[PDB]
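Below, in C-alpha cells: the form deposited in one PDB entry, a single chain.
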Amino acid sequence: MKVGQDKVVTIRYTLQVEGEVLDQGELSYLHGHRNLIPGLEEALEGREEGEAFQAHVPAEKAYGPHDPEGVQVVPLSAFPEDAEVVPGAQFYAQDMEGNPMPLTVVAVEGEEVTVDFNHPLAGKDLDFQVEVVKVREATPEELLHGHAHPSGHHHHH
C-alpha cells in the first residue's frame, strides 16, 4: 500500500548534510502525527512500498531558522561547577518540560556566558536517500499513543 495518514511506515535511510553523512539506519514511524520533520513526511507521502528516492528537505521544512534571539547571555553558575565552559563547547540539556535542549557556548566573559539555544541543524538543508521498506495500517493502540510500536506489549505513556 501507499504511505499516508495513519500508516506505520518502515524506512531505511541515509541522512547527509552539506555532503557529509550524519546518520543512517532503519526506523518505523506513524505517519501524519508529526513524528518526523514535515518535509521528510511530505516526500514520503503517497509513495508505494518498494520506492527508493532522494529527498532534498530545505531548512524551512526541517529544523527551521537559526533564530538570532536564541542566542542569550546566562550566568556561569547555571552550568555544573566542574563543566568545561569555553567558546565552542556543546552541551545537551533537557528543557524544563523534558525535551532535548542542545546548546552551544559561543562566548565567555567572567560570569557571563553567551549560549546558542538553537538546534544544531537549524538553517541546514537535509539530503536523504530513502527506501520504503514496509507500509501497513496502524493498530488502535498505535493510533491512541500517536506513534509506532514494535510488538504486542500493552503499556501507557
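Just count from 1 along the sequence shown to find any residue number.
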Point to revise | 16 to 24 set against 132 to 140, stretch whose average Cα temperature factor tops the other in the entry | key: 16 to 24
Review point. On average, which has the higher Cα B-factor in the deposited entry, 62 to 70 or 91 to 99?
Key: 91 to 99
**Study point:** Options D116, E49, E42, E112 - largest CA temperature factor per the record
**Key:** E112
Practice item. Classify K2 as lowest, middle or highest third according to the C-alpha B-factor given in the PDB entry, relative to its own chain. Key: middle
Study note, to complete from the structure: In terms of its chain's C-alpha B-factors, the third that includes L121 is the middle
Review point. In terms of the CA temperature factor given in the entry, to which third of its chain does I37 belong: lowest, middle or highest?
Key: lowest
**Study point:** Third of the chain's Cα B-factor distribution that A107 belongs to, per the entry
**Key:** highest
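Not on display, but discussed next: the form solved in complex with a partner chain.
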**Study point:** its partner chain contact at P80 in the bound PDB entry, heavy atom, 4.5 Å
**Key:** yes
Practice item. With heavy atoms only and a cut-off of 4.5 Å, decide whether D95 touches its partner chain in the bound PDB entry. Key: yes
Review point. So in the bound PDB entry, does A107 come within 4.5 Å of its partner chain, heavy atom to heavy atom?
Key: no
Review point. Is the gap between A52 and its partner chain in the bound PDB entry 4.5 Å or less for some heavy atom pair?
Key: no
**Study point:** Hinge residue among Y29, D116, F79, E45 (rigid parts rotating between this form and the one not shown)
**Key:** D116
